[PDB]
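**Student:** Take a look at this one; I'll ask things after.
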Amino acid sequence: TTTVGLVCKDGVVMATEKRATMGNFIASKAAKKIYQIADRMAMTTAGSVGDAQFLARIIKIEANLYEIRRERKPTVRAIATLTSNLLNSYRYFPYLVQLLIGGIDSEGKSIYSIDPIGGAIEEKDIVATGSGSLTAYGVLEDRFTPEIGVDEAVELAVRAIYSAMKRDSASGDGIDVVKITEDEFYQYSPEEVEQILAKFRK
Amino acid sequence: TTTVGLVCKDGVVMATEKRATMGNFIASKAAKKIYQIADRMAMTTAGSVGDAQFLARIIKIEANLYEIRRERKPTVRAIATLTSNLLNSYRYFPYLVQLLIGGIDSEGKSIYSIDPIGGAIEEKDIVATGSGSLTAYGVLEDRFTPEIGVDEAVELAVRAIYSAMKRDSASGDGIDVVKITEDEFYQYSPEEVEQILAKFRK
Amino acid sequence: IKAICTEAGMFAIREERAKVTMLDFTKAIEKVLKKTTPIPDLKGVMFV
Amino acid sequence: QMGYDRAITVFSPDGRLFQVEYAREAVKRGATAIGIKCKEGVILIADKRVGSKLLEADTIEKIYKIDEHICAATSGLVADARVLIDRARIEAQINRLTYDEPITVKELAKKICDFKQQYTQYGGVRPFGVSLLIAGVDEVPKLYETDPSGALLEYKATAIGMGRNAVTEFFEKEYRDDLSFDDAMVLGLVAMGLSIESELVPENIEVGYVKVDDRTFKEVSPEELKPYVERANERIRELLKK
Amino acid sequence: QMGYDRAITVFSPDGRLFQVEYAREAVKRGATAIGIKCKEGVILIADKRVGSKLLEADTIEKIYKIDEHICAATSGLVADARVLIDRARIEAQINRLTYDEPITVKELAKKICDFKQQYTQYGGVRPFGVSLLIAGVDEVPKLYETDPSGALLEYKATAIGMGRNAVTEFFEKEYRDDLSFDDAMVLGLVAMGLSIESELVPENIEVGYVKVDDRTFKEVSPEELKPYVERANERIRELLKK
Amino acid sequence: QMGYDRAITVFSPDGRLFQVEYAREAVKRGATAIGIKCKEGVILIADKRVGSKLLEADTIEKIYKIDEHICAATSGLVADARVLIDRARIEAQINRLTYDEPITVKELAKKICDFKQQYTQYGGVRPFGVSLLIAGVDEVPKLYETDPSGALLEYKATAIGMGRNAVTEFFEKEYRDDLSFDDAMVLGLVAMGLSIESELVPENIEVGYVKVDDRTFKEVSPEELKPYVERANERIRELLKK
Amino acid sequence: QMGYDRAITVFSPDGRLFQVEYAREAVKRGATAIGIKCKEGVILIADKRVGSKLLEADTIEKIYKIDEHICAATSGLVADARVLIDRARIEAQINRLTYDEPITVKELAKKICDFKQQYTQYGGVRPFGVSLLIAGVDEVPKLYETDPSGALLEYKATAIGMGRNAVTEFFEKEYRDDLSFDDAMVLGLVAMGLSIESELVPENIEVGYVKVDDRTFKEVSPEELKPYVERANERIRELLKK
Amino acid sequence: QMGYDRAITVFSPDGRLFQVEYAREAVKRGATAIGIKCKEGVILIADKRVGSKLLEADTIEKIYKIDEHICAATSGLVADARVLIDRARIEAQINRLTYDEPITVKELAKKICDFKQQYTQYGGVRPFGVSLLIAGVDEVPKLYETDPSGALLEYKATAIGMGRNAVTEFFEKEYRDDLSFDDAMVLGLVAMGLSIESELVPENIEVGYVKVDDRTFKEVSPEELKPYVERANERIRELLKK
Amino acid sequence: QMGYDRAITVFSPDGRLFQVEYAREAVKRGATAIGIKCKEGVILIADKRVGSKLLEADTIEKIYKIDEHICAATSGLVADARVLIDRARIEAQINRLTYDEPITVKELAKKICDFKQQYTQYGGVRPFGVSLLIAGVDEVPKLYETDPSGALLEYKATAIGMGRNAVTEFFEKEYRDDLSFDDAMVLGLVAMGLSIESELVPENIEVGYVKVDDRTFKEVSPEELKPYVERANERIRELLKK
């Protein structure tokens, strides 16, 4: 499996593949890998479905409680660090998930990549996560632009996953992309996204 | 994955190579693996990003708690013992990491090597640690004199790890220098470092 | 209060005057306090 | 009153908790600590007045560093305040650990008020007889007063301690809302001067503050107290003759 | 004297155990908060008049977000309020953790009542001397009063604190179920007006609402509260002629 | 004095518990409830006629579904009811958890009493001054009253609350053990009508039942209730003219 | 006064704890202990005076060693001192465990005043009723009086005990910050001899001292007190003729 | 006094804990235990007469073995004597467990004082109503008296119980350090003669002693007692010719 | 003295525990039990006399075996004896578990007494209301009396309960140390007769004994009580003729 993230100056744009494939397996008809943490906050996971979903419930519940406490919107940092800590305290029940918890706040736009050993680290350019990550970097780093919008960012999140998929058998499809342009939380949803790669193949 | 450190005559210099890869996701290559304990205290890690930052955050918090409560800046030996005792606490799950804690304090410059399990031993002016340890000792000690300064110490730090890199393949390219002279706590980051050793390698 | 006024005028006599002033008053007051305070405000050193 | 003040568990038919108020009579035994909040920073001024010349002036202080951009004062028991405020350090720390965001002054106040609050509810352990002034700047200055109950009240000019009633009267009259850091500083030296009822020496007082630009705690040296104190002494003498 | 209000583990022969009705008297002394229920939402109003110009005219808060669709307002000690409001926010979220369902006003209410009763039942700890108003629209608007007893009472529209009786009489006559959001809002501003026997200026009141057609909490901005108040003041003045 | 009544772990010189005898009267201080057993089910009727037009007609509620086929009414303090019925409900589903058995009416009340036994023995906690009547059909109809002490009494017709004494007398002459469901339902209401001393309106009183054909809790909405009430109201009139 | 001294939880109306007041009398009944701090060290002297020759040559023990360069001496209840001091040694060892640094006198003092504070909060455990003067040389000499209340106060020359008042008056004239190591320790013997109202001999005083220049605590033999005692008698004699 | 003595927690205006000093009165009633140190060992003599002659008074017994060079005699409750001695026994064997050293006279005394003291500060539990004298030669004679308070006073001769009064007033004249092993054993036996006001029989008395040149507790059989008893009986009789 | 008697954490100002004094009066509102020691063993007798014939005296027990060579009798509450002998049985056997040794009479007497002391430290538990007489043969006969206070005393003849005084006056004249088994038994029986003031009937007395020679406990039936009871009863007749 594989998930991608990039930091634009207009938003944060990330992508997932909903399917989680062992190597031929179909986990589910559709499932969730993109969790809406806020209209400005997102969680895109590569790893297990069940751990990712488990952690997400906790986090969604604590984002809104943290908001009511400071009477101030959750920062990107504050959700990130919480997940590092949540993982290490509850590791008694095994965790095998990499998270990308990102979004938009006053400081700007940023993504934090979290591994299940812990850690939250600052990314302002390129990030990709999973077994398809190695291939994905090849694509993203050559075609990155700092001045990039969310409009050319979706095309890239597609391209990056699309290559991982065509060279990993353990990378499922059902490609959803989330865009957070700082005005809304758009999900293109599978049907349009499949048409972005229809014009990259043929 | 190898770290160095040297006492100069006037500061403490440590360096850490960025490139940490576990599986098919590169964790670090553009994200840090050095954390700020106090103004002119650092801790460098060789080992996983996840382990290294989670344990360092506690030590960093308690460094602040030290400073404020007693109105006393903590020493390298103070931070060192504390870290040892905490690595005793949990060791049920991955918590085996090679830490170098050094910097400037109000009794001189010190480096202390903290063993993965607990324990702390001191190093007069040269340390290493890592799997490149054997190659690094040669490069640093030959070009180490009692009278080397911080400018030429940052140059050296890069030379030990990059001579070592060749014999290794648990490490790759991307490197960070930190310089702690008591006038700056600057984090050199890939760009700068690649450019200084561009004159001293070609 | 009538006794304190009387103490003060008597205090003046001890100080070789007919003039009653503020130091003659302060002792006169203390004499009467002696009886019915002291209550220690020396526990103010234990309060920040 | 009469057994409905002799335990903390009780209530009175007045609907007071007389035990808490007595805990607040503890705040009024101790010395005055006064804060002003202005748009360009926050000002904290503490009494450091020594009972003797054998008392060491260095610690008898109120002012505690808590966070990089948070200091605070206390009034109440000495004993209660240091334990309570070492709790506020920890709490500030916890927040930094788990969110990696330095604690806002407002959140801090809600957390340490709730800590005093378990000790007010419980019968097995007394509340602290302390009020705090929690002063810091997060993005823009903030000033709160904690009650001995655990009540939380936002202020822009406030006092606790013995000198409090006169300082309440004082900031009605004198304080203005267009004032700078420098101008409101002097005014708080006149206010400390009023409460102690003499013209201050800069060795029986201590100042800490947080400015927005600096975004730090500093502690004002005796060298650096003097221009505020000299300016003050001029207006303080006028109120002790009129 | 009574001897039935030494602890909460005592009862009266009257059946009206006095020590929790003295937790009730604690509420009354506190300052007012009114809940007004309409068919287009619920409106909720509470004091912010507190203190003079020493105190903030932006004192935080009496009008709590509990959810992003539930608000709460209080009377009694804001200390006892603090810990309770904390538990409310976590509890509400806890329903969300284990169901991913918005907690309904009725279900939220029953859980805070249960929390209150832990402290009420044990004799080694006192009740919270605070009452709560819980206002939301789950999908039908609902309004409850939770007593310091942790007892539950439902109202069409209700108030608590010093002004309880004035408002009570006010809505007795005028309140109808056919009021619109505008009508009911201005009517509750008249009633708040009466409670403090004075006009309303937009800094003495914080006012929030949960709307039917959004089912989300939003707090009315200071200058946005100014036109409701402007029409209300007319009426408050007519009645303080009397 | 008298008692020996400030501790529950101390018996009076009569040998009684003043504390519990006192807590029995708090059931009475609260609102009436009328339970009636017939041979074609068991009806429980609960008073929800209370306060003025300031309250909603729904005032919670007072007749909780305990299980599918078991219900209970409450009289007395609401706060105490809230937690009691919480345990009751959880224990009803616990029997099905460990036996997959619909809980018997009998056993459920015995364990409602067993919880309450614990809060009568242990002085670390108050008695609950609340009484539930427990109506259902295990497979025959049974009506119990649970008591604050934890005493347990099977009835075949009863009242509790304000009407406890009044209605015992009503039923010596009137109540038989050969009544129909309908007759019984009307007769429990005449008596309820007797208690408040007034005509009943079905728009503020809540009736539920469990029949023997049904074996399910059902609840009677006011449209249905109308003919029952109309046959009650003639008789309530007959009574209040003598 | 009455009822505010039957536990440590209760406050009296002035905000004073009368329980805590009785704890200062506890300090004052017991034997005098004087500390005099100078630039070159800090000397701690405590009364070893015995009312019989049937008590030991050195009665164990008036001046404890509690770390490498940190000592304390006692006045008040000497029973509590055994426990207090068992703890003080451990806390100073502890900091040597966890940072492997000599603990500073201040932070050691903070921690012991937390251990008092722990028994002050709880009303189950009565507080410490003994006062220790913890003295040591770190960065520079430091000297504290840690009170039963759980408060620390720093002094530059100090006293506690029976002699407490007499030696406050003495140092007010005689102590100055120009005093050598020797002129100071000798001045404390003069202070001690007034206090007992007798010439000093080595068997009725116990001296340790702390050097800067060794950075170590030493405990001075009765033999090496003998010269200083001799020097001291002249001044004591003059004072006892005044 | 009153009210400052019907709890452990209470302090009196004197600073004394009258509760603890009333458990020293529990010791004071029954019976002499005598300790006498000398420069050639330490001898511990104790009473062993108990009631009439049905009681076997040749056993039970004050001089309990605690180590191979540690013995203590008791005065006060027999009930308390067993547990405190048992703890003492535990602590002695902990030193052997963990250091492979018999514990020193000083440290055992030090410890067992701290144990009594822990129990002083806890409320709802009392200190022990027994007093011991701790006699031993580690490598040096020591003789201690450990108090029901949990304080430590080293003596070179003392007595507790009924005979305390007699033996003090006797030892003013007689006691010296020039005593040997023999002169002390007979002299403490005279001391005890005065205390019960009679001549001694080696049946009703028991002696254990710890000698420097053996480093053993040894318990003296009545045949061995008897020679020393002859020496003493003539002295005791001349002194009861007053 | 008044009020130093309603806690057991409380000594009185006269030194004595009056709480314990009142715990030794519960034994005396019980039935006598006499123990007498002979060279050939140890005999334990107890008053099984019952105030009516609707109870069956034989089964009501009085005197229980504890170990296979230790027996024990009770006086006081039946109730407290049940907890205490169950303690006893478990403890006697616990020695056999970890040493494989039948428990020594002293040692059991001691361990029961340490149990009883522990209920006399803490004010949270009522001290025991019985006394046991512990009589067995370990290797030699021993005959103890345990006290509710948790004290042990060796005796060679003793009683507990209401007859305690009379059996003391009796055995003061007639007790010898040179008695045989048959004589001791007779003497104890005679003595019990004085206490009840009347003849013995085999059917309301129980006698159990442990011989040294055999070291096995055996219990005397009514059948075999007969020879002894004729011989004893003639003496009782003569003695109580006077």
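Lettering and numbering for the structure tokens are positional, with chains as A, B, ... in the shown order, residues counted from 1 in each chain, and ligands counted from 1 in the shown order.
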Residues of chain D within 7 Å of chain A, counting only C-alpha atoms, what are they? List them as a PDB file with N, CA, C and O atoms, in the first residue's frame.

**Tutor:**
```
ATOM      1  N   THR D  98       3.082  16.659  24.620  1.00  0.00           N
ATOM      2  CA  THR D  98       1.998  15.884  23.995  1.00  0.00           C
ATOM      3  C   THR D  98       1.336  16.614  22.836  1.00  0.00           C
ATOM      4  O   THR D  98       0.531  16.017  22.060  1.00  0.00           O
ATOM      5  N   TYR D  99       1.674  17.902  22.632  1.00  0.00           N
ATOM      6  CA  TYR D  99       1.060  18.672  21.607  1.00  0.00           C
ATOM      7  C   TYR D  99       2.231  19.424  20.965  1.00  0.00           C
ATOM      8  O   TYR D  99       2.188  19.789  19.824  1.00  0.00           O
ATOM      9  N   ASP D 100       3.353  19.609  21.683  1.00  0.00           N
ATOM     10  CA  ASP D 100       4.469  20.321  21.104  1.00  0.00           C
ATOM     11  C   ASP D 100       4.217  21.719  20.701  1.00  0.00           C
ATOM     12  O   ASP D 100       4.771  22.363  19.709  1.00  0.00           O
ATOM     13  N   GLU D 101       3.475  22.379  21.619  1.00  0.00           N
ATOM     14  CA  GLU D 101       2.904  23.691  21.447  1.00  0.00           C
ATOM     15  C   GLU D 101       3.111  24.142  22.925  1.00  0.00           C
ATOM     16  O   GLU D 101       2.711  23.366  23.760  1.00  0.00           O
ATOM     17  N   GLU D 107      -5.285  28.247  29.081  1.00  0.00           N
ATOM     18  CA  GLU D 107      -5.439  26.833  29.207  1.00  0.00           C
ATOM     19  C   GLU D 107      -4.789  26.432  30.464  1.00  0.00           C
ATOM     20  O   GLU D 107      -5.331  25.557  31.134  1.00  0.00           O
TER      21      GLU D 107
END
```

**Student:** Once chain I is fitted onto chain E by least squares over all its in-order Cα atoms, send the moved chain as a short mmCIF file (atom, residue, chain, number, x, y, z; two decimals) with C-alpha atoms, in the first residue's frame.

**Tutor:**
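Produced file part13.cif, reproduced below:
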```cif
data_model
loop_
_atom_site.label_atom_id
_atom_site.label_comp_id
_atom_site.auth_asym_id
_atom_site.auth_seq_id
_atom_site.Cartn_x
_atom_site.Cartn_y
_atom_site.Cartn_z
CA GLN I 1 -34.20 20.54 63.08
CA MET I 2 -30.55 21.42 63.74
CA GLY I 3 -27.63 19.36 62.78
CA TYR I 4 -29.27 17.43 60.01
CA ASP I 5 -27.44 19.56 57.50
CA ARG I 6 -23.72 19.09 58.22
CA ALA I 7 -23.46 15.79 56.36
CA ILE I 8 -24.90 14.71 53.00
CA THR I 9 -25.11 11.08 54.15
CA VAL I 10 -27.84 12.45 56.39
CA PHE I 11 -31.51 13.04 55.70
CA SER I 12 -33.36 15.16 58.16
CA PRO I 13 -36.41 13.94 60.09
CA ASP I 14 -38.66 16.20 57.98
CA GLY I 15 -37.58 14.11 54.84
CA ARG I 16 -35.62 16.80 53.06
CA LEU I 17 -31.84 17.18 52.30
CA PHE I 18 -31.12 20.67 53.60
CA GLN I 19 -27.53 20.04 52.61
CA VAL I 20 -28.77 20.19 48.95
CA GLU I 21 -30.90 23.19 49.79
CA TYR I 22 -27.70 25.00 50.84
CA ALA I 23 -26.01 23.77 47.52
CA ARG I 24 -28.78 25.39 45.50
CA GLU I 25 -28.04 28.68 47.35
CA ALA I 26 -24.48 28.78 45.89
CA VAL I 27 -26.02 28.95 42.42
CA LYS I 28 -27.97 31.99 43.63
CA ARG I 29 -24.91 33.81 44.91
CA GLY I 30 -23.76 33.40 41.23
CA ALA I 31 -24.88 35.38 38.16
CA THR I 32 -28.11 34.55 36.25
CA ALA I 33 -28.20 32.69 33.01
CA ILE I 34 -31.42 32.37 31.03
CA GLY I 35 -32.30 29.86 28.41
CA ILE I 36 -35.38 30.12 26.05
CA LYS I 37 -36.52 27.58 23.52
CA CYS I 38 -37.86 28.53 20.02
CA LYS I 39 -38.96 26.30 17.17
CA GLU I 40 -36.09 27.37 15.05
CA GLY I 41 -33.49 26.47 17.61
CA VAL I 42 -32.48 27.14 21.22
CA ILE I 43 -30.85 30.35 22.53
CA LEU I 44 -28.60 30.56 25.63
CA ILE I 45 -27.75 33.84 27.22
CA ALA I 46 -25.69 34.62 30.30
CA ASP I 47 -24.80 37.44 32.56
CA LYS I 48 -21.22 38.33 31.90
CA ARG I 49 -21.72 41.42 34.00
CA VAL I 50 -18.69 42.11 36.22
CA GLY I 51 -18.41 44.37 39.11
CA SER I 52 -15.36 46.24 37.72
CA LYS I 53 -13.29 47.52 34.77
CA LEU I 54 -9.94 46.15 35.96
CA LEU I 55 -11.34 42.76 35.01
CA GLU I 56 -12.07 42.25 31.34
CA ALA I 57 -15.63 40.98 31.05
CA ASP I 58 -15.17 39.52 27.46
CA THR I 59 -12.73 36.86 28.42
CA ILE I 60 -14.40 35.76 31.66
CA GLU I 61 -16.62 33.06 30.41
CA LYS I 62 -19.89 32.03 31.23
CA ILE I 63 -21.11 29.83 28.56
CA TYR I 64 -18.87 27.44 26.82
CA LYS I 65 -19.53 25.11 23.92
CA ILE I 66 -19.59 21.45 25.04
CA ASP I 67 -20.35 19.64 21.85
CA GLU I 68 -20.62 20.94 18.27
CA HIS I 69 -24.42 21.20 18.72
CA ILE I 70 -24.64 21.58 22.50
CA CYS I 71 -23.70 24.55 24.58
CA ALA I 72 -23.95 25.06 28.25
CA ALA I 73 -24.00 27.96 30.75
CA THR I 74 -23.09 27.88 34.43
CA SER I 75 -24.18 29.69 37.67
CA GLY I 76 -22.27 29.31 40.94
CA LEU I 77 -18.60 28.96 41.65
CA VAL I 78 -16.29 29.34 38.71
CA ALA I 79 -14.30 26.72 40.31
CA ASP I 80 -16.91 23.94 40.37
CA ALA I 81 -17.92 24.77 36.81
CA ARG I 82 -14.30 24.01 35.59
CA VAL I 83 -14.46 20.42 36.87
CA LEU I 84 -18.00 19.98 35.61
CA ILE I 85 -17.55 21.32 32.03
CA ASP I 86 -14.18 19.37 31.69
CA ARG I 87 -16.38 16.30 32.75
CA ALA I 88 -18.84 17.41 30.14
CA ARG I 89 -16.54 17.88 27.33
CA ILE I 90 -14.89 14.51 27.92
CA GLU I 91 -18.33 12.74 28.25
CA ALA I 92 -19.89 14.37 25.15
CA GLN I 93 -16.90 13.24 23.21
CA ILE I 94 -16.81 9.80 24.77
CA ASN I 95 -20.18 9.18 23.11
CA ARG I 96 -18.69 10.05 19.74
CA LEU I 97 -15.82 7.67 20.45
CA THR I 98 -17.82 4.53 20.90
CA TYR I 99 -20.99 5.34 18.86
CA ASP I 100 -19.69 8.14 16.51
CA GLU I 101 -22.71 9.99 17.34
CA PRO I 102 -22.82 13.64 18.72
CA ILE I 103 -24.35 13.37 22.27
CA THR I 104 -28.08 13.84 22.81
CA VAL I 105 -29.14 16.81 25.06
CA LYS I 106 -31.12 14.60 27.38
CA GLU I 107 -28.30 12.17 27.54
CA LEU I 108 -25.55 14.53 28.39
CA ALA I 109 -27.87 16.23 30.95
CA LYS I 110 -28.35 12.75 32.43
CA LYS I 111 -24.62 11.81 32.53
CA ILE I 112 -23.55 15.11 34.22
CA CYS I 113 -26.46 14.56 36.69
CA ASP I 114 -25.26 10.94 37.50
CA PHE I 115 -21.83 12.60 38.23
CA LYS I 116 -23.40 15.06 40.44
CA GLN I 117 -25.48 12.23 42.33
CA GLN I 118 -22.30 10.28 43.01
CA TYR I 119 -20.87 13.35 44.80
CA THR I 120 -24.12 13.35 46.84
CA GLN I 121 -23.97 9.61 47.93
CA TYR I 122 -20.63 9.75 49.56
CA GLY I 123 -20.02 12.11 52.50
CA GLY I 124 -16.28 12.18 51.43
CA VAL I 125 -16.61 14.72 48.68
CA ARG I 126 -18.37 18.00 48.64
CA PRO I 127 -21.50 18.00 46.30
CA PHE I 128 -21.21 20.54 43.32
CA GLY I 129 -21.81 24.18 43.78
CA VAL I 130 -23.04 25.06 40.25
CA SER I 131 -25.92 24.37 38.04
CA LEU I 132 -25.69 24.11 34.27
CA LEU I 133 -28.39 24.86 31.71
CA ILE I 134 -27.84 22.32 28.92
CA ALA I 135 -29.18 23.65 25.52
CA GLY I 136 -28.55 22.07 22.20
CA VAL I 137 -30.44 20.38 19.45
CA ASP I 138 -30.04 16.76 19.13
CA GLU I 139 -32.65 16.15 16.36
CA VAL I 140 -35.15 18.40 18.26
CA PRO I 141 -34.30 21.28 20.56
CA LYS I 142 -34.18 20.47 24.24
CA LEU I 143 -33.44 22.85 27.05
CA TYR I 144 -32.64 21.27 30.41
CA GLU I 145 -31.60 22.62 33.68
CA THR I 146 -29.27 20.38 35.75
CA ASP I 147 -29.52 20.82 39.45
CA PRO I 148 -26.56 20.54 41.98
CA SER I 149 -28.47 17.70 43.49
CA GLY I 150 -27.86 15.89 40.12
CA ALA I 151 -31.44 16.12 38.91
CA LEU I 152 -32.63 17.07 35.37
CA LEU I 153 -35.80 18.68 34.32
CA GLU I 154 -37.04 19.63 30.90
CA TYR I 155 -38.11 23.28 30.50
CA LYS I 156 -38.91 25.35 27.54
CA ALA I 157 -37.66 28.53 29.30
CA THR I 158 -35.73 28.59 32.45
CA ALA I 159 -33.15 30.51 34.34
CA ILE I 160 -30.52 29.64 37.06
CA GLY I 161 -28.91 31.93 39.61
CA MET I 162 -30.21 35.12 41.44
CA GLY I 163 -32.59 36.13 38.63
CA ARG I 164 -34.34 32.77 38.71
CA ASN I 165 -37.42 34.23 40.48
CA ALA I 166 -37.91 37.26 38.25
CA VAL I 167 -37.38 35.44 34.97
CA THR I 168 -40.08 32.97 36.11
CA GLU I 169 -42.69 35.81 36.70
CA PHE I 170 -41.72 37.41 33.36
CA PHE I 171 -41.95 34.25 31.24
CA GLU I 172 -45.18 33.35 33.12
CA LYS I 173 -46.93 36.24 31.31
CA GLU I 174 -45.01 36.53 28.03
CA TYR I 175 -43.80 33.11 27.12
CA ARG I 176 -45.49 31.52 24.14
CA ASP I 177 -44.91 28.23 22.48
CA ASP I 178 -45.25 29.70 18.91
CA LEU I 179 -42.20 32.12 19.12
CA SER I 180 -39.75 32.61 16.25
CA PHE I 181 -35.94 32.86 16.52
CA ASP I 182 -35.80 36.61 16.44
CA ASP I 183 -38.67 37.00 18.93
CA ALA I 184 -37.20 34.38 21.41
CA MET I 185 -33.90 36.01 21.40
CA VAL I 186 -35.43 39.38 22.15
CA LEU I 187 -37.53 38.05 24.95
CA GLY I 188 -34.62 36.38 26.67
CA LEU I 189 -32.57 39.59 26.52
CA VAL I 190 -35.46 41.65 28.07
CA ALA I 191 -35.71 39.17 30.82
CA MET I 192 -31.95 39.32 31.66
CA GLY I 193 -32.41 43.21 32.04
CA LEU I 194 -35.09 42.73 34.64
CA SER I 195 -32.73 40.45 36.63
CA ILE I 196 -29.79 42.98 36.60
CA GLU I 197 -32.45 45.73 36.91
CA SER I 198 -30.74 47.86 34.23
CA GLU I 199 -30.06 48.20 30.49
CA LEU I 200 -27.92 45.76 28.44
CA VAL I 201 -24.60 46.72 26.98
CA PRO I 202 -23.31 44.37 24.21
CA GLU I 203 -19.97 44.09 25.94
CA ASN I 204 -21.24 42.36 29.15
CA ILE I 205 -23.52 39.90 27.74
CA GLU I 206 -22.70 36.61 25.83
CA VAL I 207 -25.34 34.78 23.77
CA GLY I 208 -24.58 31.35 21.98
CA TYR I 209 -27.27 29.33 20.14
CA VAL I 210 -27.85 26.03 18.32
CA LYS I 211 -30.49 26.05 15.45
CA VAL I 212 -32.45 22.97 14.53
CA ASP I 213 -32.21 23.88 10.84
CA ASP I 214 -28.40 24.07 10.88
CA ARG I 215 -27.37 21.98 13.93
CA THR I 216 -24.24 24.04 14.41
CA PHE I 217 -23.62 26.07 17.43
CA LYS I 218 -22.52 29.69 16.66
CA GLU I 219 -21.51 32.37 19.19
CA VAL I 220 -22.88 35.99 19.07
CA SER I 221 -20.12 38.70 19.04
CA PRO I 222 -20.77 42.12 20.57
CA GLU I 223 -21.01 43.47 16.96
CA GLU I 224 -23.97 41.25 16.15
CA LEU I 225 -25.50 41.52 19.66
CA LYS I 226 -26.12 45.17 18.84
CA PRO I 227 -29.46 45.00 16.74
CA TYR I 228 -31.12 42.77 19.35
CA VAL I 229 -29.92 44.95 22.36
CA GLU I 230 -31.55 48.23 21.11
CA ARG I 231 -34.95 46.51 20.73
CA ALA I 232 -34.69 44.72 24.11
CA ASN I 233 -33.51 47.83 25.98
CA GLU I 234 -36.51 49.88 24.91
CA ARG I 235 -38.80 47.27 26.52
CA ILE I 236 -36.68 47.10 29.77
CA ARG I 237 -37.02 50.88 30.03
CA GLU I 238 -40.77 50.76 29.83
CA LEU I 239 -41.21 47.71 32.10
CA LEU I 240 -38.87 49.04 34.80
CA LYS I 241 -40.47 52.50 34.54
CA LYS I 242 -43.31 50.91 36.58
#
```

**Student:** May I ask for the distance between atom CA of residue B:8 and atom CA of residue B:164, given in Å to one decimal place?

**Tutor:** 20.8 Å

**Student:** Find the residues near stretch 121-129 of chain A: any atom within 8 Å, counting only C-alpha atoms, skip ones fewer than 3 places away on the same chain, and give them as a list in words.

**Tutor:**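 Answer for this query is residues 2, 3, 4, 5, 6, 7, 8, 46, 98, 100, 109, 110, 111, 112, 113, 114, 132, 133, 136, 137, 140, 141, 144 and 146 of chain A; 25, 30, 31 and 32 of chain B.
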
**Student:** What does the distance between atom CA of residue B:162 and atom CA of residue B:103 come to in Å, to one decimal place?

**Tutor:**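 Atom-to-atom, atom CA of residue B:162 to atom CA of residue B:103, that is 22.6 Å.
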
**Student:** Work out how far apart atom CA of residue B:143 and atom CA of residue B:33 are and give it in Å to one decimal.

**Tutor:**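 Separating atom CA of residue B:143 from atom CA of residue B:33 is a distance of 25.8 Å.
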
**Student:** Would you mind writing down, as a count of residues only, each residue of stretch 9-147 of chain F that DSSP on the backbone assigns to helix (DSSP H, G or I)?

**Tutor:** 49

**Student:** Return as an NGL selection string the residues belonging to chain B that are within 12 Å of chain A, counting only C-alpha atoms.

**Tutor:** :B and (21-35 or 47-58 or 90 or 92-96)
